[PDB]
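Pasted below: run28.pdb, PDB, C-alpha atoms.
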```pdb
ATOM      1  CA  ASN P   1     -44.964   1.979 -19.524
ATOM      2  CA  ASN P   2     -44.230  -0.603 -22.218
ATOM      3  CA  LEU P   3     -43.766   0.311 -25.882
ATOM      4  CA  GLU P   4     -45.252  -2.820 -27.391
ATOM      5  CA  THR P   5     -47.242  -0.428 -29.574
ATOM      6  CA  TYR P   6     -44.564   1.475 -31.511
ATOM      7  CA  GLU P   7     -44.208   0.793 -35.207
ATOM      8  CA  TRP P   8     -40.591   0.229 -34.203
ATOM      9  CA  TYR P   9     -40.959  -1.796 -30.985
ATOM     10  CA  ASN P  10     -40.482  -5.565 -31.064
ATOM     11  CA  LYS P  11     -40.888  -7.488 -27.789
ATOM     12  CA  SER P  12     -40.386 -11.247 -28.264
ATOM     13  CA  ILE P  13     -37.993 -10.017 -30.949
ATOM     14  CA  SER P  14     -34.256 -10.613 -30.957
ATOM     15  CA  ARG P  15     -31.202  -8.888 -32.425
ATOM     16  CA  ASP P  16     -31.157 -11.041 -35.574
ATOM     17  CA  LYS P  17     -34.897 -11.015 -36.355
ATOM     18  CA  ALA P  18     -35.165  -7.228 -36.325
ATOM     19  CA  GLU P  19     -32.511  -7.045 -39.022
ATOM     20  CA  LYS P  20     -34.368  -9.724 -40.966
ATOM     21  CA  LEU P  21     -37.673  -7.933 -40.416
ATOM     22  CA  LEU P  22     -36.065  -4.561 -41.094
ATOM     23  CA  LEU P  23     -34.219  -5.866 -44.136
ATOM     24  CA  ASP P  24     -37.460  -7.267 -45.550
ATOM     25  CA  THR P  25     -39.418  -4.061 -44.948
ATOM     26  CA  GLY P  26     -36.951  -1.975 -46.926
ATOM     27  CA  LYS P  27     -36.747   1.499 -45.420
ATOM     28  CA  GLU P  28     -34.153   4.235 -45.156
ATOM     29  CA  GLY P  29     -33.446   4.485 -41.457
ATOM     30  CA  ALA P  30     -36.057   1.904 -40.503
ATOM     31  CA  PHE P  31     -36.452   1.920 -36.753
ATOM     32  CA  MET P  32     -37.402  -0.845 -34.377
ATOM     33  CA  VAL P  33     -37.053  -1.698 -30.704
ATOM     34  CA  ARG P  34     -36.642  -4.806 -28.601
ATOM     35  CA  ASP P  35     -36.864  -5.077 -24.826
ATOM     36  CA  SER P  36     -33.784  -6.306 -22.986
ATOM     37  CA  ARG P  37     -32.903  -7.732 -19.571
ATOM     38  CA  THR P  38     -30.505  -4.820 -19.105
ATOM     39  CA  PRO P  39     -31.250  -2.064 -16.522
ATOM     40  CA  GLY P  40     -34.787  -2.314 -17.896
ATOM     41  CA  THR P  41     -34.426  -0.646 -21.280
ATOM     42  CA  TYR P  42     -35.405  -1.649 -24.790
ATOM     43  CA  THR P  43     -33.375  -2.256 -27.925
ATOM     44  CA  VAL P  44     -33.698  -0.193 -31.117
ATOM     45  CA  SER P  45     -33.360  -1.696 -34.579
ATOM     46  CA  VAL P  46     -32.366   1.071 -36.984
ATOM     47  CA  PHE P  47     -31.845  -0.048 -40.576
ATOM     48  CA  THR P  48     -31.199   1.870 -43.795
ATOM     49  CA  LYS P  49     -30.624   0.071 -47.082
ATOM     50  CA  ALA P  50     -26.905   0.700 -47.466
ATOM     51  CA  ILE P  51     -23.427  -0.844 -47.556
ATOM     52  CA  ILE P  52     -22.091  -2.066 -50.900
ATOM     53  CA  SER P  53     -20.403  -4.864 -48.955
ATOM     54  CA  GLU P  54     -23.394  -5.717 -46.760
ATOM     55  CA  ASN P  55     -26.835  -4.176 -47.280
ATOM     56  CA  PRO P  56     -29.432  -3.314 -46.406
ATOM     57  CA  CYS P  57     -28.275  -1.838 -43.092
ATOM     58  CA  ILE P  58     -29.790  -2.780 -39.723
ATOM     59  CA  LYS P  59     -28.322  -1.365 -36.524
ATOM     60  CA  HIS P  60     -29.485  -2.298 -33.045
ATOM     61  CA  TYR P  61     -29.501   0.652 -30.651
ATOM     62  CA  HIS P  62     -30.255  -0.122 -27.028
ATOM     63  CA  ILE P  63     -31.980   2.417 -24.845
ATOM     64  CA  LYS P  64     -29.630   3.168 -21.970
ATOM     65  CA  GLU P  65     -31.269   3.911 -18.610
ATOM     66  CA  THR P  66     -30.136   6.604 -16.163
ATOM     67  CA  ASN P  67     -32.165   7.312 -13.025
ATOM     68  CA  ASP P  68     -32.696  10.918 -14.107
ATOM     69  CA  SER P  69     -35.550  13.345 -13.477
ATOM     70  CA  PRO P  70     -37.329  11.983 -15.238
ATOM     71  CA  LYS P  71     -34.846  11.130 -17.993
ATOM     72  CA  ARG P  72     -33.454   7.623 -17.826
ATOM     73  CA  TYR P  73     -33.246   5.991 -21.232
ATOM     74  CA  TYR P  74     -30.795   6.966 -23.965
ATOM     75  CA  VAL P  75     -28.639   5.507 -26.758
ATOM     76  CA  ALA P  76     -25.368   7.413 -26.983
ATOM     77  CA  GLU P  77     -25.009   9.354 -23.740
ATOM     78  CA  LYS P  78     -26.798  11.839 -25.964
ATOM     79  CA  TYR P  79     -30.425  12.222 -24.936
ATOM     80  CA  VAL P  80     -31.982  10.386 -22.031
ATOM     81  CA  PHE P  81     -35.700  10.027 -21.544
ATOM     82  CA  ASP P  82     -38.317   8.434 -19.323
ATOM     83  CA  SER P  83     -39.580   6.303 -22.193
ATOM     84  CA  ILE P  84     -38.226   4.756 -25.358
ATOM     85  CA  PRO P  85     -41.167   6.349 -27.228
ATOM     86  CA  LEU P  86     -39.897   9.783 -26.259
ATOM     87  CA  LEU P  87     -36.353   8.524 -26.510
ATOM     88  CA  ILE P  88     -37.504   7.196 -29.865
ATOM     89  CA  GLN P  89     -39.539  10.310 -30.497
ATOM     90  CA  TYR P  90     -36.315  12.244 -30.067
ATOM     91  CA  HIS P  91     -34.667   9.919 -32.585
ATOM     92  CA  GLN P  92     -37.831   9.761 -34.700
ATOM     93  CA  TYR P  93     -38.341  13.521 -34.967
ATOM     94  CA  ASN P  94     -35.249  15.485 -33.944
ATOM     95  CA  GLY P  95     -32.533  13.169 -35.210
ATOM     96  CA  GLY P  96     -30.037  11.381 -33.002
ATOM     97  CA  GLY P  97     -26.552  10.948 -34.419
ATOM     98  CA  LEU P  98     -27.337   7.355 -35.378
ATOM     99  CA  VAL P  99     -27.674   5.361 -38.599
ATOM    100  CA  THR P 100     -30.267   8.032 -39.396
ATOM    101  CA  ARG P 101     -32.254   8.712 -36.208
ATOM    102  CA  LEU P 102     -35.569   6.839 -36.063
ATOM    103  CA  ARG P 103     -36.017   7.473 -39.782
ATOM    104  CA  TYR P 104     -38.914   5.024 -39.916
ATOM    105  CA  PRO P 105     -39.748   2.628 -37.059
ATOM    106  CA  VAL P 106     -40.078  -0.921 -38.375
ATOM    107  CA  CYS P 107     -42.361  -3.669 -37.123
ATOM    108  CA  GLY P 108     -41.446  -7.144 -38.278
TER     109      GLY P 108
END
```
Can the structure from this file be put into structure tokens for me?
Amino acid sequence: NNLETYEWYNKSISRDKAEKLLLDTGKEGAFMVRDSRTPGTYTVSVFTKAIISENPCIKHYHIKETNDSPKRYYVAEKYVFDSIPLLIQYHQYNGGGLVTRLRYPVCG
């Protein structure tokens, strides 16, 4: 599979960098992702210039995995998928109850 091709995905990336990269980009609901050692899912950096006490805003949403059919990945026991792209596509298009659902995938 691999998503090292999504405007939002960030492999070698970390939790801090994405925010830095997302913060620099400057987008409302900027979305990024970063692979993790977890069950085999990726992380999702969702940032939206906001917070009068700490902005812009960069949230890291991890893609939960659940041996479904085919569903597996999800971030909020909401929608699981067989790929972050779809899982992201669901947050990119539809709109997952997040900082603003993949409003705009970022790529540091």
Show which residues sit within 6 Å of residue 33 of chain P, as a PyMOL selection string. Count only C-alpha atoms, and ignore same-chain residues fewer than 6 positions away. chain P and resi 8-10+43-45
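The gap separating atom CA of residue 51 of chain P from atom CA of residue 85 of chain P is 27.9 Å, in Å to one decimal.
If all atoms listed in the file are the atoms counted, then among P:31, P:97, P:86, P:108 the closest residue to residue 17 of chain P is P:108.
Distances to residue 105 of chain P were evaluated for P:28, P:16, P:54, P:77 using all atoms listed in the file, and the minimum falls at P:28.
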Do you know which residues the PyMOL selection byres ((chain P and resi 39) around 8) returns on this file, as JSON, numbers by chain? {"P": [37, 38, 40, 41, 64, 65]}
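The closest residue to residue 1 of chain P, picked from P:42, P:93, P:103, P:75 and counting all atoms listed in the file, is P:42.
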Applied to the shown file, which residues does the PyMOL selection byres ((chain P and resi 96) around 12) return, written as a PyMOL selection string? chain P and resi 29+46+61+74-80+87-95+97-103
Compile the contact shell of residue 81 of chain P as a PyMOL selection string: residues with an atom at most 6 Å away, counting all atoms listed in the file, same-chain residues fewer than 5 positions apart removed. chain P and resi 71-73+87
As a check of understanding, name the residues that the PyMOL selection byres ((chain P and resi 24) around 12) selects in the supplied structure, as an NGL selection string. :P and (17-23 or 25-28 or 30 or 47-49 or 55-58 or 106-108)
